[PDB]
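Data block for protein-v9.tsv (TSV, N, CA and C atoms):
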```tsv
chain	number	residue	atom	x	y	z
P	50	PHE	N	47.09	-58.74	-1.28
P	50	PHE	CA	46.43	-58.20	-2.47
P	50	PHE	C	45.24	-57.35	-2.06
P	51	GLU	N	45.36	-56.04	-2.26
P	51	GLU	CA	44.26	-55.10	-2.08
P	51	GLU	C	43.63	-54.79	-3.43
P	52	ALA	N	42.38	-54.37	-3.40
P	52	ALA	CA	41.72	-53.86	-4.59
P	52	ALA	C	40.77	-52.73	-4.22
P	53	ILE	N	40.80	-51.68	-5.01
P	53	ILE	CA	39.82	-50.60	-4.92
P	53	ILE	C	38.73	-50.90	-5.92
P	54	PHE	N	37.48	-50.83	-5.48
P	54	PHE	CA	36.41	-50.88	-6.44
P	54	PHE	C	35.37	-49.84	-6.04
P	55	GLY	N	35.56	-48.63	-6.54
P	55	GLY	CA	34.61	-47.57	-6.29
P	55	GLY	C	35.29	-46.24	-6.18
P	56	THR	N	34.69	-45.23	-6.80
P	56	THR	CA	35.07	-43.84	-6.58
P	56	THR	C	33.79	-43.04	-6.78
P	57	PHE	N	33.25	-42.52	-5.69
P	57	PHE	CA	31.89	-41.99	-5.68
P	57	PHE	C	31.90	-40.57	-5.16
P	58	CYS	N	31.05	-39.74	-5.75
P	58	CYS	CA	30.96	-38.33	-5.41
P	58	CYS	C	29.59	-38.02	-4.84
P	59	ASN	N	29.56	-37.34	-3.71
P	59	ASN	CA	28.31	-36.86	-3.15
P	59	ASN	C	27.73	-35.78	-4.04
P	60	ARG	N	26.54	-36.03	-4.58
P	60	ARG	CA	25.85	-35.03	-5.39
P	60	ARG	C	25.52	-33.80	-4.56
P	61	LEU	N	26.06	-32.65	-4.97
P	61	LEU	CA	25.79	-31.41	-4.27
P	61	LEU	C	24.37	-30.94	-4.55
P	62	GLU	N	23.65	-30.56	-3.49
P	62	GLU	CA	22.30	-30.05	-3.61
P	62	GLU	C	22.36	-28.54	-3.78
P	63	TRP	N	21.74	-28.03	-4.84
P	63	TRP	CA	21.90	-26.64	-5.24
P	63	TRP	C	20.66	-25.83	-4.89
P	64	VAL	N	20.88	-24.67	-4.27
P	64	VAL	CA	19.80	-23.75	-3.94
P	64	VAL	C	20.06	-22.43	-4.65
P	65	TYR	N	18.98	-21.75	-5.03
P	65	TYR	CA	19.03	-20.49	-5.75
P	65	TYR	C	18.08	-19.51	-5.09
P	66	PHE	N	18.53	-18.27	-4.92
P	66	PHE	CA	17.77	-17.30	-4.13
P	66	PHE	C	16.41	-17.00	-4.76
P	67	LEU	N	16.39	-16.76	-6.08
P	67	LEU	CA	15.15	-16.35	-6.74
P	67	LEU	C	14.07	-17.42	-6.73
P	68	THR	N	14.43	-18.70	-6.66
P	68	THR	CA	13.44	-19.76	-6.67
P	68	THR	C	12.84	-20.03	-5.29
P	69	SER	N	13.44	-19.52	-4.23
P	69	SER	CA	12.94	-19.74	-2.89
P	69	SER	C	11.66	-18.94	-2.65
P	70	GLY	N	10.89	-19.38	-1.67
P	70	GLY	CA	9.73	-18.61	-1.25
P	70	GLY	C	10.12	-17.33	-0.54
P	71	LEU	N	11.30	-17.32	0.10
P	71	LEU	CA	11.74	-16.15	0.83
P	71	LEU	C	11.96	-14.96	-0.10
P	72	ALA	N	12.26	-15.23	-1.37
P	72	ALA	CA	12.50	-14.16	-2.32
P	72	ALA	C	11.25	-13.33	-2.58
P	73	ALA	N	10.07	-13.88	-2.28
P	73	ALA	CA	8.84	-13.10	-2.42
P	73	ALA	C	8.89	-11.83	-1.60
P	74	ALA	N	9.55	-11.88	-0.44
P	74	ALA	CA	9.71	-10.72	0.42
P	74	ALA	C	10.66	-9.67	-0.14
P	75	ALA	N	11.37	-9.97	-1.22
P	75	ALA	CA	12.43	-9.11	-1.72
P	75	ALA	C	12.09	-8.54	-3.09
P	76	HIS	N	12.65	-7.37	-3.37
P	76	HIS	CA	12.66	-6.79	-4.71
P	76	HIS	C	14.12	-6.79	-5.15
P	77	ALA	N	14.54	-7.88	-5.77
P	77	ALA	CA	15.95	-8.15	-6.02
P	77	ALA	C	16.39	-7.42	-7.28
P	78	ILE	N	17.44	-6.62	-7.16
P	78	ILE	CA	17.91	-5.74	-8.21
P	78	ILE	C	19.42	-5.84	-8.25
P	79	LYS	N	19.98	-5.81	-9.45
P	79	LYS	CA	21.42	-5.80	-9.62
P	79	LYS	C	21.88	-4.39	-9.98
P	80	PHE	N	22.92	-3.93	-9.28
P	80	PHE	CA	23.45	-2.57	-9.41
P	80	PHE	C	24.96	-2.68	-9.30
P	81	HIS	N	25.66	-2.49	-10.42
P	81	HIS	CA	27.07	-2.83	-10.48
P	81	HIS	C	27.99	-1.78	-9.86
P	82	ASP	N	27.48	-0.59	-9.52
P	82	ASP	CA	28.24	0.37	-8.74
P	82	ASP	C	27.86	0.39	-7.27
P	83	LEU	N	27.58	-0.77	-6.67
P	83	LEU	CA	27.27	-0.79	-5.24
P	83	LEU	C	28.47	-0.44	-4.37
P	84	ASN	N	29.69	-0.72	-4.83
P	84	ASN	CA	30.84	-0.46	-3.99
P	84	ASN	C	31.14	1.02	-3.87
P	85	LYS	N	30.58	1.83	-4.75
P	85	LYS	CA	30.75	3.27	-4.70
P	85	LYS	C	29.65	3.96	-3.91
P	86	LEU	N	28.43	3.43	-3.95
P	86	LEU	CA	27.33	3.97	-3.16
P	86	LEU	C	27.66	3.93	-1.68
P	87	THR	N	27.50	5.06	-1.00
P	87	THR	CA	27.66	5.07	0.45
P	87	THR	C	26.37	4.67	1.14
P	88	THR	N	25.33	5.49	1.02
P	88	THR	CA	24.01	5.21	1.58
P	88	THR	C	22.94	5.67	0.62
P	89	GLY	N	21.92	4.84	0.44
P	89	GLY	CA	20.78	5.21	-0.37
P	89	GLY	C	19.64	5.65	0.53
P	90	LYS	N	18.92	6.67	0.09
P	90	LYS	CA	17.87	7.26	0.91
P	90	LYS	C	16.59	7.40	0.10
P	91	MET	N	15.47	7.21	0.78
P	91	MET	CA	14.13	7.44	0.25
P	91	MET	C	13.41	8.40	1.18
P	92	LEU	N	12.72	9.38	0.61
P	92	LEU	CA	12.14	10.42	1.44
P	92	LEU	C	10.71	10.75	1.00
P	93	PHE	N	9.84	10.93	2.00
P	93	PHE	CA	8.39	10.90	1.86
P	93	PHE	C	7.78	12.21	2.33
P	94	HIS	N	6.77	12.70	1.61
P	94	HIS	CA	6.14	13.99	1.87
P	94	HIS	C	4.64	13.78	2.05
P	95	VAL	N	4.18	13.73	3.30
P	95	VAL	CA	2.79	13.44	3.60
P	95	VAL	C	2.16	14.68	4.20
P	96	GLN	N	0.95	15.00	3.74
P	96	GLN	CA	0.12	16.04	4.33
P	96	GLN	C	-1.17	15.39	4.81
P	97	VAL	N	-1.51	15.61	6.08
P	97	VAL	CA	-2.56	14.83	6.71
P	97	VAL	C	-3.94	15.36	6.32
P	98	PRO	N	-4.97	14.53	6.34
P	98	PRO	CA	-6.33	15.04	6.20
P	98	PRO	C	-6.80	15.71	7.49
O	50	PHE	N	29.24	8.11	-3.41
O	50	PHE	CA	28.07	8.97	-3.55
O	50	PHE	C	26.89	8.40	-2.77
O	51	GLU	N	26.01	9.30	-2.36
O	51	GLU	CA	24.70	8.95	-1.84
O	51	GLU	C	23.70	8.97	-2.99
O	52	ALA	N	22.67	8.14	-2.88
O	52	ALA	CA	21.64	8.06	-3.90
O	52	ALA	C	20.29	8.37	-3.28
O	53	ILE	N	19.50	9.17	-3.98
O	53	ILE	CA	18.09	9.34	-3.67
O	53	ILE	C	17.32	8.44	-4.62
O	54	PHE	N	16.81	7.33	-4.10
O	54	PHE	CA	16.17	6.33	-4.95
O	54	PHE	C	14.78	6.76	-5.38
O	55	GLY	N	14.06	7.50	-4.54
O	55	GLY	CA	12.75	7.97	-4.92
O	55	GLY	C	12.23	9.01	-3.95
O	56	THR	N	11.33	9.87	-4.42
O	56	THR	CA	10.66	10.84	-3.57
O	56	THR	C	9.17	10.60	-3.69
O	57	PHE	N	8.51	10.48	-2.54
O	57	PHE	CA	7.15	9.96	-2.49
O	57	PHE	C	6.25	10.96	-1.79
O	58	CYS	N	4.99	10.99	-2.21
O	58	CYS	CA	3.97	11.77	-1.53
O	58	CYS	C	2.73	10.91	-1.38
O	59	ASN	N	1.95	11.18	-0.35
O	59	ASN	CA	0.77	10.39	-0.07
O	59	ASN	C	-0.42	10.93	-0.86
O	60	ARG	N	-1.31	10.02	-1.23
O	60	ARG	CA	-2.60	10.38	-1.80
O	60	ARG	C	-3.68	10.07	-0.78
O	61	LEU	N	-4.51	11.06	-0.48
O	61	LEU	CA	-5.56	10.86	0.50
O	61	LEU	C	-6.61	9.89	-0.04
O	62	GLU	N	-7.22	9.14	0.87
O	62	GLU	CA	-8.40	8.34	0.55
O	62	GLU	C	-9.58	9.29	0.48
O	63	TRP	N	-9.98	9.68	-0.73
O	63	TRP	CA	-11.05	10.65	-0.87
O	63	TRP	C	-12.38	10.01	-0.48
O	64	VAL	N	-13.08	10.65	0.46
O	64	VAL	CA	-14.28	10.08	1.05
O	64	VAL	C	-15.43	11.07	0.97
O	65	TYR	N	-16.28	10.88	-0.03
O	65	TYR	CA	-17.48	11.69	-0.18
O	65	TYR	C	-18.60	11.16	0.71
O	66	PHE	N	-19.51	12.06	1.08
O	66	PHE	CA	-20.59	11.70	1.99
O	66	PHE	C	-21.57	10.74	1.31
O	67	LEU	N	-21.92	11.01	0.06
O	67	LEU	CA	-22.92	10.20	-0.62
O	67	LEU	C	-22.35	8.91	-1.20
O	68	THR	N	-21.08	8.61	-0.95
O	68	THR	CA	-20.48	7.34	-1.34
O	68	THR	C	-20.12	6.52	-0.11
O	69	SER	N	-21.00	6.55	0.90
O	69	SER	CA	-20.78	5.82	2.13
O	69	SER	C	-22.08	5.15	2.54
O	70	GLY	N	-21.95	4.12	3.37
O	70	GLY	CA	-23.13	3.42	3.85
O	70	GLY	C	-23.90	4.23	4.87
O	71	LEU	N	-23.21	5.08	5.63
O	71	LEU	CA	-23.88	5.96	6.58
O	71	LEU	C	-24.89	6.86	5.88
O	72	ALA	N	-24.66	7.14	4.59
O	72	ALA	CA	-25.59	7.96	3.82
O	72	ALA	C	-26.92	7.26	3.62
O	73	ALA	N	-26.96	5.94	3.82
O	73	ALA	CA	-28.23	5.22	3.73
O	73	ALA	C	-29.22	5.71	4.78
O	74	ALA	N	-28.71	6.13	5.94
O	74	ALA	CA	-29.58	6.61	7.01
O	74	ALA	C	-30.01	8.05	6.79
O	75	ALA	N	-29.41	8.75	5.82
O	75	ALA	CA	-29.68	10.16	5.61
O	75	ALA	C	-30.52	10.38	4.36
O	76	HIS	N	-31.38	11.39	4.42
O	76	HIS	CA	-32.07	11.92	3.26
O	76	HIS	C	-31.48	13.30	2.99
O	77	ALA	N	-30.57	13.37	2.03
O	77	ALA	CA	-29.68	14.51	1.88
O	77	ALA	C	-30.24	15.46	0.84
O	78	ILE	N	-30.42	16.72	1.24
O	78	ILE	CA	-31.03	17.75	0.42
O	78	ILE	C	-30.15	18.99	0.51
O	79	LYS	N	-30.01	19.70	-0.60
O	79	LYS	CA	-29.30	20.96	-0.62
O	79	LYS	C	-30.30	22.10	-0.69
O	80	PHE	N	-30.12	23.10	0.16
O	80	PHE	CA	-31.03	24.22	0.28
O	80	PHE	C	-30.20	25.49	0.30
O	81	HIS	N	-30.47	26.40	-0.64
O	81	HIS	CA	-29.64	27.58	-0.80
O	81	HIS	C	-30.07	28.74	0.08
O	82	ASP	N	-31.34	28.81	0.46
O	82	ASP	CA	-31.80	29.79	1.44
O	82	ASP	C	-31.72	29.26	2.85
O	83	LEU	N	-30.81	28.32	3.11
O	83	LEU	CA	-30.73	27.71	4.43
O	83	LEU	C	-30.39	28.74	5.49
O	84	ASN	N	-29.43	29.62	5.20
O	84	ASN	CA	-28.96	30.57	6.20
O	84	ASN	C	-30.06	31.52	6.65
O	85	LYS	N	-31.15	31.61	5.88
O	85	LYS	CA	-32.31	32.37	6.33
O	85	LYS	C	-33.20	31.55	7.25
O	86	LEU	N	-33.13	30.22	7.16
O	86	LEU	CA	-34.04	29.36	7.92
O	86	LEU	C	-33.62	29.34	9.38
O	87	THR	N	-34.50	29.80	10.26
O	87	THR	CA	-34.26	29.70	11.69
O	87	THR	C	-34.54	28.29	12.19
O	88	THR	N	-35.77	27.82	12.02
O	88	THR	CA	-36.17	26.51	12.51
O	88	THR	C	-37.23	25.91	11.59
O	89	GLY	N	-37.07	24.64	11.28
O	89	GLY	CA	-38.02	23.91	10.45
O	89	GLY	C	-38.71	22.84	11.27
O	90	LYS	N	-40.00	22.62	10.99
O	90	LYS	CA	-40.82	21.77	11.83
O	90	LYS	C	-41.81	20.98	10.99
O	91	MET	N	-42.30	19.89	11.56
O	91	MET	CA	-43.28	19.01	10.95
O	91	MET	C	-44.43	18.79	11.91
O	92	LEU	N	-45.63	18.59	11.36
O	92	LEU	CA	-46.85	18.45	12.14
O	92	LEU	C	-47.52	17.13	11.79
O	93	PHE	N	-47.99	16.42	12.81
O	93	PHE	CA	-48.59	15.11	12.63
O	93	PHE	C	-49.98	15.07	13.26
O	94	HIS	N	-50.90	14.41	12.58
O	94	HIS	CA	-52.28	14.28	13.02
O	94	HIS	C	-52.62	12.80	13.05
O	95	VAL	N	-53.14	12.31	14.17
O	95	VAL	CA	-53.36	10.89	14.39
O	95	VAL	C	-54.76	10.67	14.92
O	96	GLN	N	-55.49	9.73	14.32
O	96	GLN	CA	-56.73	9.22	14.87
O	96	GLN	C	-56.60	7.72	15.06
O	97	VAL	N	-57.25	7.21	16.10
O	97	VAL	CA	-56.88	5.96	16.74
O	97	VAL	C	-57.92	4.90	16.41
O	98	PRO	N	-57.52	3.68	16.07
O	98	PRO	CA	-58.50	2.60	15.91
O	98	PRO	C	-59.17	2.25	17.22
```
Let me see the structure of the file written as C-alpha coordinates.
Amino acid sequence: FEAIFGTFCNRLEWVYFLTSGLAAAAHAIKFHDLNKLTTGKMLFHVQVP
Amino acid sequence: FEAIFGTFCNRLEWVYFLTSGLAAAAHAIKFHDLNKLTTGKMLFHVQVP
(Lines of atoms letter the chains of each structure in order from A and count residues from 1; the text may use other names and numbers.)
(Lines give C-alpha, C1' and ligand atoms only; values in the text may rest on other atoms or scores of the structure.)
Protein backbone atom coordinates (compact mmCIF):
# COMPACT_ATOMS: atom_id res chain seq x y z
CA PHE A 1 0.00 0.00 0.00
CA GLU A 2 1.51 3.27 -1.22
CA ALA A 3 0.08 6.72 -0.64
CA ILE A 4 0.87 10.11 -2.13
CA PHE A 5 0.34 13.02 0.17
CA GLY A 6 1.56 16.22 -1.43
CA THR A 7 1.80 18.08 -4.69
CA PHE A 8 3.87 21.23 -4.33
CA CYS A 9 5.02 23.93 -6.73
CA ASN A 10 8.16 26.02 -6.40
CA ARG A 11 7.04 29.65 -6.35
CA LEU A 12 8.75 31.38 -9.26
CA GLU A 13 10.59 34.57 -8.29
CA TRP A 14 9.76 37.35 -10.76
CA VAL A 15 12.08 40.15 -11.87
CA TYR A 16 11.15 43.18 -13.99
CA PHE A 17 13.58 45.41 -15.85
CA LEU A 18 12.02 48.78 -14.99
CA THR A 19 11.98 48.11 -11.23
CA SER A 20 15.69 47.25 -11.06
CA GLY A 21 18.34 49.77 -10.11
CA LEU A 22 20.17 48.97 -13.34
CA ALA A 23 17.32 50.57 -15.31
CA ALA A 24 18.43 53.96 -13.98
CA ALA A 25 21.29 53.72 -16.50
CA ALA A 26 18.78 53.29 -19.34
CA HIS A 27 16.30 55.42 -21.26
CA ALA A 28 13.90 52.60 -22.08
CA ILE A 29 11.70 53.21 -25.12
CA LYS A 30 9.37 50.99 -27.11
CA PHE A 31 9.56 51.23 -30.91
CA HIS A 32 7.48 48.70 -32.83
CA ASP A 33 9.35 49.07 -36.15
CA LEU A 34 12.72 47.99 -34.74
CA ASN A 35 12.95 45.07 -37.16
CA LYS A 36 12.96 47.49 -40.09
CA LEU A 37 15.50 49.96 -38.66
CA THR A 38 19.00 49.15 -39.85
CA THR A 39 21.12 51.60 -37.83
CA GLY A 40 20.19 54.69 -35.85
CA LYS A 41 22.57 57.63 -35.81
CA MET A 42 23.03 60.76 -33.72
CA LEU A 43 25.23 63.57 -34.97
CA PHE A 44 26.76 66.53 -33.14
CA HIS A 45 27.94 69.98 -34.29
CA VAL A 46 30.42 71.62 -31.91
CA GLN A 47 32.32 74.87 -32.45
CA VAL A 48 35.11 75.42 -29.94
CA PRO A 49 35.72 78.56 -27.86
CA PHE B 1 15.79 52.37 -43.11
CA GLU B 2 18.34 54.34 -41.15
CA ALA B 3 17.11 56.82 -38.56
CA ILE B 4 18.55 60.15 -37.49
CA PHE B 5 17.36 60.31 -33.89
CA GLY B 6 18.63 63.81 -33.18
CA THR B 7 20.99 66.57 -34.28
CA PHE B 8 22.84 68.36 -31.53
CA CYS B 9 24.96 71.47 -31.12
CA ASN B 10 27.00 72.63 -28.16
CA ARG B 11 26.31 75.73 -26.10
CA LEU B 12 29.40 77.47 -24.79
CA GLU B 13 29.80 78.17 -21.09
CA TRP B 14 29.61 81.95 -21.32
CA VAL B 15 32.24 83.43 -19.01
CA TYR B 16 32.25 87.16 -18.37
CA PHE B 17 35.17 88.80 -16.59
CA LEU B 18 33.11 90.56 -13.93
CA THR B 19 31.25 87.33 -13.06
CA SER B 20 34.35 85.56 -11.76
CA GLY B 21 36.22 85.40 -8.48
CA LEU B 22 39.44 86.51 -10.16
CA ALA B 23 37.66 89.84 -10.67
CA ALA B 24 37.85 90.31 -6.90
CA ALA B 25 41.56 91.03 -7.32
CA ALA B 26 40.88 93.59 -10.07
CA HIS B 27 39.64 97.16 -10.00
CA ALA B 28 38.12 97.28 -13.46
CA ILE B 29 37.68 100.63 -15.22
CA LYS B 30 36.77 101.49 -18.81
CA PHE B 31 38.67 104.35 -20.42
CA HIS B 32 37.85 105.57 -23.92
CA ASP B 33 40.94 107.72 -24.48
CA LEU B 34 43.10 104.74 -23.53
CA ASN B 35 44.77 104.45 -26.94
CA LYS B 36 46.16 107.95 -26.40
CA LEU B 37 47.62 107.02 -23.00
CA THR B 38 51.30 106.14 -23.25
CA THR B 39 52.05 105.50 -19.57
CA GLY B 40 50.18 106.10 -16.32
CA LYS B 41 51.90 106.54 -12.98
CA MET B 42 51.28 107.12 -9.27
CA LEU B 43 53.32 109.09 -6.74
CA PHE B 44 53.69 108.35 -3.03
CA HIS B 45 54.95 110.53 -0.18
CA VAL B 46 55.96 108.97 3.14
CA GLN B 47 57.07 110.41 6.47
CA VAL B 48 58.31 108.05 9.12
CA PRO B 49 57.40 107.64 12.81
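Atom N of residue 73 in chain P is positioned 25.0 Å from atom N of residue 53 in chain O.
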Could you write out chain P as an mmCIF file with N, CA and C atoms, in the coordinates of the input once it has been least-squares superposed on chain O using every ordered C-alpha pair?
```cif
data_model
loop_
_atom_site.group_PDB
_atom_site.id
_atom_site.type_symbol
_atom_site.label_atom_id
_atom_site.label_comp_id
_atom_site.auth_asym_id
_atom_site.auth_seq_id
_atom_site.Cartn_x
_atom_site.Cartn_y
_atom_site.Cartn_z
ATOM 1 N N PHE P 50 29.686 12.524 -0.912
ATOM 2 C CA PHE P 50 28.737 12.494 -2.026
ATOM 3 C C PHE P 50 27.429 11.867 -1.575
ATOM 4 N N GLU P 51 26.386 12.689 -1.486
ATOM 5 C CA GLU P 51 25.026 12.229 -1.230
ATOM 6 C C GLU P 51 24.265 12.137 -2.544
ATOM 7 N N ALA P 52 23.236 11.312 -2.558
ATOM 8 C CA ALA P 52 22.312 11.266 -3.678
ATOM 9 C C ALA P 52 20.899 10.992 -3.183
ATOM 10 N N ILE P 53 19.953 11.721 -3.731
ATOM 11 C CA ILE P 53 18.532 11.452 -3.521
ATOM 12 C C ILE P 53 18.066 10.591 -4.669
ATOM 13 N N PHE P 54 17.375 9.502 -4.356
ATOM 14 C CA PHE P 54 16.717 8.779 -5.411
ATOM 15 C C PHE P 54 15.333 8.377 -4.914
ATOM 16 N N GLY P 55 14.376 9.264 -5.130
ATOM 17 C CA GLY P 55 13.007 8.978 -4.766
ATOM 18 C C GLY P 55 12.291 10.213 -4.313
ATOM 19 N N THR P 56 11.052 10.365 -4.770
ATOM 20 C CA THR P 56 10.135 11.360 -4.228
ATOM 21 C C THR P 56 8.748 10.754 -4.390
ATOM 22 N N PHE P 57 8.150 10.359 -3.278
ATOM 23 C CA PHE P 57 6.967 9.504 -3.299
ATOM 24 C C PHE P 57 5.858 10.148 -2.498
ATOM 25 N N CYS P 58 4.635 9.992 -2.989
ATOM 26 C CA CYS P 58 3.458 10.584 -2.375
ATOM 27 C C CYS P 58 2.518 9.495 -1.898
ATOM 28 N N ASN P 59 2.072 9.599 -0.661
ATOM 29 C CA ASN P 59 1.055 8.700 -0.147
ATOM 30 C C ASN P 59 -0.262 8.958 -0.849
ATOM 31 N N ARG P 60 -0.770 7.947 -1.549
ATOM 32 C CA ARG P 60 -2.072 8.057 -2.202
ATOM 33 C C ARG P 60 -3.174 8.258 -1.174
ATOM 34 N N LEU P 61 -3.879 9.387 -1.279
ATOM 35 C CA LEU P 61 -4.971 9.669 -0.369
ATOM 36 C C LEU P 61 -6.171 8.790 -0.691
ATOM 37 N N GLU P 62 -6.755 8.179 0.344
ATOM 38 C CA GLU P 62 -7.932 7.348 0.193
ATOM 39 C C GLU P 62 -9.169 8.218 0.347
ATOM 40 N N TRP P 63 -10.056 8.180 -0.643
ATOM 41 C CA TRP P 63 -11.167 9.117 -0.728
ATOM 42 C C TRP P 63 -12.476 8.439 -0.348
ATOM 43 N N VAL P 64 -13.243 9.102 0.518
ATOM 44 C CA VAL P 64 -14.558 8.619 0.917
ATOM 45 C C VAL P 64 -15.593 9.664 0.527
ATOM 46 N N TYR P 65 -16.792 9.197 0.186
ATOM 47 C CA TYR P 65 -17.893 10.038 -0.248
ATOM 48 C C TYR P 65 -19.148 9.628 0.498
ATOM 49 N N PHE P 66 -19.908 10.614 0.967
ATOM 50 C CA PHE P 66 -21.035 10.331 1.858
ATOM 51 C C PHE P 66 -22.102 9.483 1.166
ATOM 52 N N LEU P 67 -22.468 9.855 -0.070
ATOM 53 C CA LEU P 67 -23.565 9.170 -0.756
ATOM 54 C C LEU P 67 -23.269 7.714 -1.080
ATOM 55 N N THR P 68 -22.003 7.333 -1.239
ATOM 56 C CA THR P 68 -21.669 5.961 -1.571
ATOM 57 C C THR P 68 -21.611 5.047 -0.347
ATOM 58 N N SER P 69 -21.580 5.600 0.852
ATOM 59 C CA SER P 69 -21.514 4.803 2.059
ATOM 60 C C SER P 69 -22.849 4.109 2.325
ATOM 61 N N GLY P 70 -22.791 3.046 3.108
ATOM 62 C CA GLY P 70 -24.015 2.400 3.555
ATOM 63 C C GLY P 70 -24.777 3.249 4.552
ATOM 64 N N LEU P 71 -24.064 4.106 5.298
ATOM 65 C CA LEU P 71 -24.706 4.935 6.296
ATOM 66 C C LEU P 71 -25.680 5.923 5.661
ATOM 67 N N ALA P 72 -25.442 6.284 4.401
ATOM 68 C CA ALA P 72 -26.309 7.230 3.723
ATOM 69 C C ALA P 72 -27.712 6.676 3.512
ATOM 70 N N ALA P 73 -27.867 5.351 3.568
ATOM 71 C CA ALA P 73 -29.204 4.764 3.466
ATOM 72 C C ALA P 73 -30.131 5.303 4.532
ATOM 73 N N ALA P 74 -29.592 5.594 5.718
ATOM 74 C CA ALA P 74 -30.363 6.160 6.811
ATOM 75 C C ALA P 74 -30.779 7.606 6.582
ATOM 76 N N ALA P 75 -30.269 8.255 5.543
ATOM 77 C CA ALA P 75 -30.459 9.682 5.345
ATOM 78 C C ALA P 75 -31.279 9.970 4.095
ATOM 79 N N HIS P 76 -31.974 11.100 4.123
ATOM 80 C CA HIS P 76 -32.607 11.677 2.940
ATOM 81 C C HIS P 76 -31.859 12.977 2.663
ATOM 82 N N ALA P 77 -30.799 12.881 1.878
ATOM 83 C CA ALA P 77 -29.833 13.961 1.725
ATOM 84 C C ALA P 77 -30.345 14.957 0.696
ATOM 85 N N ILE P 78 -30.418 16.222 1.087
ATOM 86 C CA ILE P 78 -31.013 17.279 0.296
ATOM 87 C C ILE P 78 -30.108 18.489 0.393
ATOM 88 N N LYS P 79 -29.968 19.208 -0.710
ATOM 89 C CA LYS P 79 -29.207 20.443 -0.724
ATOM 90 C C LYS P 79 -30.165 21.631 -0.735
ATOM 91 N N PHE P 80 -29.894 22.594 0.149
ATOM 92 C CA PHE P 80 -30.746 23.768 0.359
ATOM 93 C C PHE P 80 -29.814 24.942 0.600
ATOM 94 N N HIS P 81 -29.720 25.846 -0.378
ATOM 95 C CA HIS P 81 -28.673 26.851 -0.361
ATOM 96 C C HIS P 81 -28.966 28.038 0.555
ATOM 97 N N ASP P 82 -30.191 28.167 1.079
ATOM 98 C CA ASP P 82 -30.477 29.142 2.116
ATOM 99 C C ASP P 82 -30.529 28.544 3.511
ATOM 100 N N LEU P 83 -29.651 27.588 3.825
ATOM 101 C CA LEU P 83 -29.635 27.035 5.180
ATOM 102 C C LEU P 83 -29.165 28.041 6.223
ATOM 103 N N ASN P 84 -28.319 28.999 5.844
ATOM 104 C CA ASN P 84 -27.805 29.922 6.834
ATOM 105 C C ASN P 84 -28.853 30.918 7.288
ATOM 106 N N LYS P 85 -29.934 31.050 6.542
ATOM 107 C CA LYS P 85 -31.028 31.931 6.906
ATOM 108 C C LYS P 85 -32.109 31.220 7.704
ATOM 109 N N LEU P 86 -32.343 29.939 7.429
ATOM 110 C CA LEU P 86 -33.300 29.150 8.195
ATOM 111 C C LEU P 86 -32.911 29.108 9.661
ATOM 112 N N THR P 87 -33.854 29.428 10.540
ATOM 113 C CA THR P 87 -33.604 29.277 11.969
ATOM 114 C C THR P 87 -33.898 27.860 12.424
ATOM 115 N N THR P 88 -35.161 27.448 12.369
ATOM 116 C CA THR P 88 -35.586 26.095 12.719
ATOM 117 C C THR P 88 -36.667 25.637 11.770
ATOM 118 N N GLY P 89 -36.559 24.394 11.317
ATOM 119 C CA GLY P 89 -37.586 23.802 10.488
ATOM 120 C C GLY P 89 -38.469 22.905 11.336
ATOM 121 N N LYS P 90 -39.760 22.926 11.045
ATOM 122 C CA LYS P 90 -40.727 22.199 11.856
ATOM 123 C C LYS P 90 -41.640 21.370 10.964
ATOM 124 N N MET P 91 -42.016 20.206 11.470
ATOM 125 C CA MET P 91 -43.003 19.319 10.864
ATOM 126 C C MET P 91 -44.083 19.036 11.893
ATOM 127 N N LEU P 92 -45.340 19.087 11.470
ATOM 128 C CA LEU P 92 -46.421 18.982 12.432
ATOM 129 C C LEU P 92 -47.529 18.054 11.924
ATOM 130 N N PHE P 93 -48.037 17.227 12.844
ATOM 131 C CA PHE P 93 -48.823 16.035 12.552
ATOM 132 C C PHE P 93 -50.187 16.117 13.217
ATOM 133 N N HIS P 94 -51.231 15.677 12.513
ATOM 134 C CA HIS P 94 -52.614 15.774 12.968
ATOM 135 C C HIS P 94 -53.240 14.384 12.944
ATOM 136 N N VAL P 95 -53.304 13.727 14.102
ATOM 137 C CA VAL P 95 -53.789 12.362 14.190
ATOM 138 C C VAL P 95 -55.091 12.365 14.965
ATOM 139 N N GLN P 96 -56.073 11.619 14.459
ATOM 140 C CA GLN P 96 -57.320 11.354 15.162
ATOM 141 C C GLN P 96 -57.431 9.849 15.361
ATOM 142 N N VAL P 97 -57.650 9.429 16.607
ATOM 143 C CA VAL P 97 -57.505 8.025 16.949
ATOM 144 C C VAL P 97 -58.746 7.233 16.537
ATOM 145 N N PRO P 98 -58.620 5.942 16.278
ATOM 146 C CA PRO P 98 -59.804 5.107 16.106
ATOM 147 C C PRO P 98 -60.465 4.808 17.451
#
```
Problem set entry | At most 8 Å to chain P: residues in chain O, only C-alpha atoms, as JSON, numbers by chain | {"O": [50, 51, 52, 53, 54, 55, 56, 57, 58, 59, 61]}
Please determine an axis-aligned box that encloses all atoms of range 60-65 of chain P listed in the file, with 5 Å added on each side, and express its centre and edge lengths in Å to one decimal as AutoDock Vina command-line options.
```
--center_x 22.3 --center_y -27.8 --center_z -4.6 --size_x 18.5 --size_y 26.5 --size_z 12.3
```
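You will find CA of residue 68 in chain P at 21.5 Å from atom N of residue 81 in chain P.
Across the structure, atom C of residue 77 in chain O and CA of residue 64 in chain O are spaced 16.8 Å apart.
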Problem set entry | Which of chain O DSSP labels strand (DSSP E), written as a PyMOL selection string | chain O and resi 52-58
